[PDB]
Amino acid sequence: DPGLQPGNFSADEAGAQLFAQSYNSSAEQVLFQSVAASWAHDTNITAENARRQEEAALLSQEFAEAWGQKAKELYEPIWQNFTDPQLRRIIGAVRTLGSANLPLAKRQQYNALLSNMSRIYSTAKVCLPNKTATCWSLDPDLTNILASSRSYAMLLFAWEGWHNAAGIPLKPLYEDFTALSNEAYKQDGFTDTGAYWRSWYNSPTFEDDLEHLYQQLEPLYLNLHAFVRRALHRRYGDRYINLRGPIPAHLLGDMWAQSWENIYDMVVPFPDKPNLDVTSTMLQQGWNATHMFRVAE
Amino acid sequence: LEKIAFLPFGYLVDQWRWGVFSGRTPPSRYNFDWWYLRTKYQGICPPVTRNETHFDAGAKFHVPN
Amino acid sequence: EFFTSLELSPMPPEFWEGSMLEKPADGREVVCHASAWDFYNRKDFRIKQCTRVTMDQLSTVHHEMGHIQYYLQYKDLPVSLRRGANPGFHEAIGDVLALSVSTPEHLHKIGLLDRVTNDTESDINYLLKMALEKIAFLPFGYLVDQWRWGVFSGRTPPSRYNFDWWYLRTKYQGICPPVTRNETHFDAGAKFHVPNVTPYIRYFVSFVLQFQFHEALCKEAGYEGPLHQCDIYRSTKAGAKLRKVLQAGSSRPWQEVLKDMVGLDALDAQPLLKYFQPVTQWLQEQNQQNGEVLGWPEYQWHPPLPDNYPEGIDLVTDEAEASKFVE
Ligand SMILES: *[C@@H]1O[C@H](CO[C@@H]2O[C@@H](C)[C@@H](O)[C@@H](O)[C@@H]2O)[C@@H](O[C@@H]2O[C@H](CO)[C@@H](O[C@@H]3O[C@H](CO)[C@@H](O)[C@H](O)[C@@H]3O)[C@H](O)[C@H]2NC(C)=O)[C@H](O)[C@H]1NC(C)=O
Ligand SMILES: *[C@@H]1O[C@H](CO)[C@@H](O[C@@H]2O[C@H](CO)[C@@H](O)[C@H](O)[C@H]2NC(C)=O)[C@H](O)[C@H]1NC(C)=O
Ligand SMILES: *[C@@H]1O[C@H](CO)[C@@H](O[C@@H]2O[C@H](CO)[C@@H](O)[C@H](O)[C@H]2NC(C)=O)[C@H](O)[C@H]1NC(C)=O
Ligand SMILES: *[C@@H]1O[C@H](CO)[C@@H](O[C@@H]2O[C@H](CO)[C@@H](O)[C@H](O)[C@H]2NC(C)=O)[C@H](O)[C@H]1NC(C)=O
Ligand SMILES: *[C@@H]1O[C@H](CO)[C@@H](O[C@@H]2O[C@H](CO)[C@@H](O)[C@H](O)[C@H]2NC(C)=O)[C@H](O)[C@H]1NC(C)=O
Ligand SMILES: *[C@@H]1O[C@H](CO)[C@@H](O)[C@H](O)[C@H]1NC(C)=O
Ligand SMILES: *[C@@H]1O[C@H](CO)[C@@H](O)[C@H](O)[C@H]1NC(C)=O
């Protein structure tokens with residue numbers, strides 16, 4: 001790879017612009033091939049595509065390592081002072097080597113760990129104690145049952161089964177990944193991975209501001225929770241839910257209580273007024289694939 | 001009921017992840033910290049009993065990936 | 001006289017004429033407290049305590065005499081420089097000396113014991129007896145002051161008092177309430193230091209600091225042996241160094257004074273780790289032999305109701321009494 005190695009630029013403005021342009025071109029090629037590999041991974045064929053994604057990530061990370069080392073050794077004394085926001089932002093983006101600080105063995109271990117995490121989460125499945133021939137998955141089946149059924153026992157079975165089958169074989173991998181990411185981002189210059197993640201928003205009082213926002217928004221969620229708790233108590237009785245206390249996780253709409261939209265069946269107030277839907281329009285005029293996109297146009 | 005019921009979860013998951021990364025959560029308080037956070041912010045009680053063996057964050061897609 | 005041996009505490013005679021060290025023979029005076037009130041007045045001090053014959057009372061007497069060392073030493077400083085550096089120093093310096101007294105070697109060499117019981121079994125017994133109150137308290141103090149910080153700073157609104165308190169208890173101390181509580185109860189109030197305005201992290205800081213002080217003094221005491229029987233008795237240089245440290249009360253940051261004495265400006269638990277080394281090794285061997293988890297693999301476990309309806313609490317369920325009744 002000729003574009004992998006950067007030339008001998010200078011800390012001056014012209015050298016900085018040349019470095020920025022060279023990075024622009026090289027990264028254009030790198031993310032072009034990366035997006036090609038990632039898109040081909042999850043369209044028709046998955047065999048020999050996860051491995052291709054891993055090698056592409058490895059080579060892109062090596063490219064980032066080399067370019068970040070060059071950027072460090074060529075701009076570190078003048079990194080803070082640049083008199084140009086664009087130059088500061090681009091040099092900060094390039095300087096963040098990220099997961100390239102680990103040695104070769106550690107880098108391979110970290111990439112393999114990420115791939116193992118993704119595959120373990122994707123292929124995880126849960127089904128019945130008997131007739132264990134074929135059974136459900138996460139999105140095609142589990143979401144449908146957990147969002148459409150109204151039986152407490154079956155909801156509990158689905159929720160517990162998925163949570164066990166997707167959390168139990170995932171703990172040691174997460175421990176190792178946390179250790180590796182902490183080491184890499186400590187060598188980067190940040191106090192920890194969480195500090196780097198907060199560094200995107202660029203605010204020293206990020207946690208305080210978020211806590212203030214949530215304390216402002218608390219009454220809304222408290223009232224909504226009380227109303228939904230009363231509705232669920234009416235539906236399921238005063239044995240699986242009490243008025244004073246929390247709500248069981250599966251009783252809500254989605255699997256992880258992310259959204260309650262599926263609970264609107266037995267929460268809606270004043271049901272005499274008709275619900276809002278335009279399915280009849282699709283029944284009248286066909287909406288095959290593009291009508292909802294020409295409407296966006 | 002689509003947005004406000006989500007807001008605490010958004011404030012909750014990455015707070016737990018920060019706790020795990022920064023070291024305040026050793027690999028013996030994963031599930032405990034997660035479920036205390038759930039009962040504190042979202043007001044959600046896990047139905048079945050959960051020990052430290054379970055990892056009730058890998059169910060969410062954004063934790064493993 | 002133990003103080004004076006290492007050229008320490010030239011006790012003024014006013015204590016033997018105007019300080020009461022006894023139980024109140026007449027009058028409804030103080031029953032029993034744990035303070036050493038100083039006359040101050042730029043000149044003198046005093047002790048107000050109780051007198052008994054038990055070794056615990058002797059240890060408490062040594063503790064409060066160590067408290068009196070502090071006052072005797074920091075009086076030339078102004079009226080605002082009376083608190084001794086870190087607020088946890090007063091217990092620490094008042095306790096490290098006790099750590100020297102309670103050693104059987106000290107009792108034997110001062111004439112209280114016939115001979116030194118140089119036995120490993122006795123060593124482990126005494127170490128576990130003392131580690132049942134200088135270690136089980138370590139999660140506490142930290143727990144209480146963390147909860148109080150949370151409530152003060154706003155992270156614990158009045159709808160979450162007991163929730164935060166009991167989560168903290170199950171986290172650090174690992175003790176769950178036998179009765180299922182809720183937010184109406186205020187379980188932090190049972191402790192005396194919560195309602196009364198009193199900081200509670202000073203005791204944890206002292207329980208960490210006293211063993212570091214013991215290790216530093218022992219290293220300067222010339223005895224490079226076990227940390228158990230390493231009393232400061234008959235060590236003029238150790239007394240001189242302790243006097244030098246005690247000379248300044250809050251006149252300098254506590255980190256600087258600690259660096260001056262021990263050798264570093266930050267708290268370390270390493271001397272505490274070395275102190276409890278044999279009991280820790282024996283504990284590890286016992287835990288491995290018994291084959292049990294180290295701790296907390298299953299939480300959300302609350303004990304079932306023992307038929308606590310208050311009609312059978314008076315029923316006795318002791319093994320020894322049952323066997324005696326059987327016989
Ligand atoms: C990432 O995962 C790979 C692939 O293994 C797959 O994912 C694991 C998390 C498990 O669920 C595996 O069952 C699953 O196939 C791991 O590489 C694998 O390493 C092992 C150990 O060298 C290889 O052989 C195994 O060894 C023993 C017996 O010797 C048994 O566990 C198995 O029967 C098997 O023979 C295994 O072939 C290999 N798989 C590859 C290279 O594709 C890898 O260790 C893991 N990475 C990390 C960091 O955990
Ligand atoms: C999907 O629906 C679209 C929108 O109706 C179809 O596109 C039009 O189809 C009509 C059918 O009468 C034709 O007269 C138009 O010429 C088509 N184009 C446009 C721009 O309006 C489309 O054929 C349908 N099928 C597919 C496979 O896209
Ligand atoms: C009590 O017995 C212990 C052994 O259980 C003695 O251990 C001493 O340990 C120090 C550690 O630095 C060694 O330097 C000594 O040589 C050991 N003494 C021995 C082996 O006799 C300890 O000295 C004994 N204490 C008393 C007061 O006799
Ligand atoms: C952990 O919690 C589970 C329930 O979530 C307890 O129940 C057993 O879980 C194991 C898997 O860890 C299953 O194989 C058993 O069938 C479950 N039931 C029984 C009766 O054993 C499990 O005991 C808990 N473990 C710990 C160590 O607390
Ligand atoms: C607890 O049970 C043990 C074992 O059963 C008791 O020990 C025996 O008690 C019986 C009572 O009839 C005697 O006949 C045996 O000789 C005892 N065996 C011994 C002492 O080895 C024991 O007394 C019971 N009580 C306690 C407090 O341990
Ligand atoms: C950059 O300098 C190095 C010094 O070793 C030299 O080998 C290399 O050819 C130079 N590259 C360019 C593009 O001038
Ligand atoms: C930073 O750059 C500016 C550009 O105007 C300059 O004035 C300033 O002295 C520099 N600060 C340094 C070099 O510390």
# chains A, B, ... in the order shown; residues from 1 in each chain; ligands from 1
call {"tool": "residues_near_ligand", "arguments": {"ligand": "ligand 2", "cutoff": "10 Å", "atoms": "only C-alpha atoms and all ligand atoms", "output": "PyMOL selection string"}}
result
chain A and resi 285-292+294
call {"tool": "residues_near_ligand", "arguments": {"ligand": "ligand 1", "cutoff": "12 Å", "atoms": "only C-alpha atoms and all ligand atoms", "output": "ChimeraX atom specification"}}
result
/A:50-51,105-121,123-124,168-177,179-180
call {"tool": "write_last_selection", "arguments": {"atoms": "N, CA, C and O atoms", "output": "short mmCIF file (atom, residue, chain, number, x, y, z; two decimals), in the first residue's frame"}}
result
data_model
loop_
_atom_site.label_atom_id
_atom_site.label_comp_id
_atom_site.auth_asym_id
_atom_site.auth_seq_id
_atom_site.Cartn_x
_atom_site.Cartn_y
_atom_site.Cartn_z
N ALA A 50 -18.00 -11.90 7.28
CA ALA A 50 -17.55 -11.44 8.59
C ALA A 50 -16.03 -11.44 8.67
O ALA A 50 -15.43 -10.51 9.21
N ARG A 51 -15.40 -12.48 8.12
CA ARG A 51 -13.94 -12.52 8.07
C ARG A 51 -13.39 -11.39 7.22
O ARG A 51 -12.38 -10.77 7.57
N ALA A 105 -0.89 -8.96 18.95
CA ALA A 105 -1.67 -10.02 19.57
C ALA A 105 -2.89 -9.46 20.28
O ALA A 105 -4.00 -9.99 20.16
N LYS A 106 -2.71 -8.38 21.04
CA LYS A 106 -3.83 -7.77 21.74
C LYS A 106 -4.85 -7.20 20.76
O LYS A 106 -6.06 -7.30 20.99
N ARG A 107 -4.39 -6.58 19.67
CA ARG A 107 -5.32 -6.05 18.67
C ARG A 107 -6.14 -7.16 18.03
O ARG A 107 -7.36 -7.03 17.85
N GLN A 108 -5.49 -8.28 17.69
CA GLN A 108 -6.22 -9.41 17.13
C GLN A 108 -7.21 -9.96 18.15
O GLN A 108 -8.35 -10.30 17.79
N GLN A 109 -6.81 -10.03 19.42
CA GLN A 109 -7.72 -10.51 20.45
C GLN A 109 -8.93 -9.60 20.58
O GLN A 109 -10.07 -10.08 20.70
N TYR A 110 -8.72 -8.29 20.55
CA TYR A 110 -9.83 -7.35 20.69
C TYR A 110 -10.78 -7.44 19.50
O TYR A 110 -12.01 -7.43 19.68
N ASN A 111 -10.24 -7.52 18.28
CA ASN A 111 -11.11 -7.63 17.11
C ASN A 111 -11.89 -8.94 17.13
O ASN A 111 -13.09 -8.96 16.83
N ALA A 112 -11.23 -10.04 17.50
CA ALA A 112 -11.93 -11.31 17.61
C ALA A 112 -13.00 -11.25 18.68
O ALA A 112 -14.07 -11.84 18.53
N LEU A 113 -12.73 -10.54 19.78
CA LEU A 113 -13.72 -10.41 20.84
C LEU A 113 -14.94 -9.64 20.37
O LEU A 113 -16.08 -10.01 20.68
N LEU A 114 -14.73 -8.55 19.62
CA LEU A 114 -15.86 -7.80 19.10
C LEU A 114 -16.69 -8.64 18.13
O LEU A 114 -17.93 -8.64 18.19
N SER A 115 -16.01 -9.38 17.24
CA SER A 115 -16.73 -10.25 16.32
C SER A 115 -17.50 -11.33 17.06
O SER A 115 -18.65 -11.65 16.71
N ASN A 116 -16.89 -11.91 18.09
CA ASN A 116 -17.57 -12.93 18.89
C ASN A 116 -18.79 -12.36 19.59
O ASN A 116 -19.84 -13.01 19.64
N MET A 117 -18.67 -11.15 20.14
CA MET A 117 -19.82 -10.50 20.76
C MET A 117 -20.96 -10.35 19.76
O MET A 117 -22.10 -10.74 20.04
N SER A 118 -20.66 -9.79 18.59
CA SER A 118 -21.71 -9.55 17.61
C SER A 118 -22.37 -10.85 17.17
O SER A 118 -23.60 -10.95 17.12
N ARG A 119 -21.56 -11.87 16.89
CA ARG A 119 -22.12 -13.14 16.43
C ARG A 119 -22.93 -13.82 17.52
O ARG A 119 -24.00 -14.38 17.25
N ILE A 120 -22.44 -13.80 18.76
CA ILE A 120 -23.15 -14.44 19.87
C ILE A 120 -24.49 -13.77 20.09
O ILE A 120 -25.51 -14.44 20.33
N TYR A 121 -24.53 -12.44 20.00
CA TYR A 121 -25.81 -11.76 20.14
C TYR A 121 -26.74 -12.06 18.96
O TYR A 121 -27.95 -12.21 19.15
N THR A 123 -26.86 -14.76 16.84
CA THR A 123 -27.31 -16.15 16.71
C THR A 123 -28.02 -16.67 17.95
O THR A 123 -28.49 -17.82 17.93
N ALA A 124 -28.11 -15.89 19.01
CA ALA A 124 -28.74 -16.37 20.24
C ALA A 124 -30.22 -16.65 20.01
O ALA A 124 -30.91 -15.90 19.33
N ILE A 168 -26.04 -14.89 29.58
CA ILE A 168 -25.19 -15.86 30.26
C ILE A 168 -23.90 -16.14 29.50
O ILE A 168 -22.82 -16.03 30.11
N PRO A 169 -23.92 -16.47 28.19
CA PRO A 169 -22.65 -16.80 27.52
C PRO A 169 -21.88 -15.57 27.06
O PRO A 169 -21.01 -15.68 26.19
N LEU A 170 -22.19 -14.40 27.62
CA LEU A 170 -21.59 -13.16 27.18
C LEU A 170 -20.76 -12.44 28.24
O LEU A 170 -20.17 -11.40 27.92
N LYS A 171 -20.67 -12.96 29.46
CA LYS A 171 -20.02 -12.20 30.53
C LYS A 171 -18.50 -12.17 30.40
O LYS A 171 -17.92 -11.07 30.38
N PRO A 172 -17.78 -13.31 30.33
CA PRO A 172 -16.31 -13.23 30.28
C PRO A 172 -15.79 -12.45 29.09
O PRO A 172 -14.78 -11.74 29.20
N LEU A 173 -16.48 -12.54 27.95
CA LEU A 173 -16.10 -11.76 26.79
C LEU A 173 -16.19 -10.27 27.09
O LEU A 173 -15.29 -9.50 26.73
N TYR A 174 -17.26 -9.84 27.78
CA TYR A 174 -17.38 -8.42 28.10
C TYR A 174 -16.32 -7.99 29.10
O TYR A 174 -15.80 -6.87 29.01
N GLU A 175 -15.99 -8.85 30.07
CA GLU A 175 -14.91 -8.51 31.00
C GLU A 175 -13.60 -8.27 30.25
O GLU A 175 -12.93 -7.24 30.45
N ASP A 176 -13.24 -9.20 29.37
CA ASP A 176 -12.00 -9.05 28.62
C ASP A 176 -12.03 -7.82 27.72
O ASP A 176 -11.03 -7.10 27.60
N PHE A 177 -13.18 -7.55 27.09
CA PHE A 177 -13.28 -6.39 26.22
C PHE A 177 -13.14 -5.09 27.00
O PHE A 177 -12.51 -4.14 26.53
N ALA A 179 -11.45 -4.68 29.78
CA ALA A 179 -10.04 -4.54 30.11
C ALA A 179 -9.24 -4.03 28.92
O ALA A 179 -8.43 -3.10 29.04
N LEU A 180 -9.46 -4.62 27.74
CA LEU A 180 -8.70 -4.23 26.56
C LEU A 180 -8.99 -2.80 26.14
O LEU A 180 -8.07 -2.05 25.80
#
call {"tool": "residues_near_ligand", "arguments": {"ligand": "ligand 7", "cutoff": "9 Å", "atoms": "only C-alpha atoms and all ligand atoms", "output": "list in words"}}
result
residues 78, 80, 81, 82 and 83 of chain A
call {"tool": "interface_residues", "arguments": {"of": "chain C", "to": "chain B", "cutoff": "8 Å", "atoms": "only C-alpha atoms", "output": "list in words"}}
result
residues 167, 296, 297, 298, 299 and 300 of chain C
call {"tool": "interface_residues", "arguments": {"of": "chain A", "to": "chain C", "cutoff": "12 Å", "atoms": "only C-alpha atoms", "output": "number ranges by chain"}}
result
A: 207-208, 211-212, 214-215, 218, 244-246
call {"tool": "write_last_selection", "arguments": {"atoms": "C-alpha atoms", "output": "mmCIF file, in the first residue's frame"}}
result
data_model
loop_
_atom_site.group_PDB
_atom_site.id
_atom_site.type_symbol
_atom_site.label_atom_id
_atom_site.label_comp_id
_atom_site.auth_asym_id
_atom_site.auth_seq_id
_atom_site.Cartn_x
_atom_site.Cartn_y
_atom_site.Cartn_z
ATOM 1 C CA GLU A 207 -23.183 14.508 33.561
ATOM 2 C CA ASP A 208 -24.524 17.390 35.664
ATOM 3 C CA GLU A 211 -28.994 14.886 35.441
ATOM 4 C CA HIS A 212 -30.621 18.327 35.471
ATOM 5 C CA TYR A 214 -33.768 14.265 33.626
ATOM 6 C CA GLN A 215 -34.798 15.898 36.901
ATOM 7 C CA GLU A 218 -39.125 13.359 35.811
ATOM 8 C CA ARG A 244 -47.490 1.387 45.054
ATOM 9 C CA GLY A 245 -44.391 -0.107 43.470
ATOM 10 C CA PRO A 246 -42.593 -0.710 40.182
#
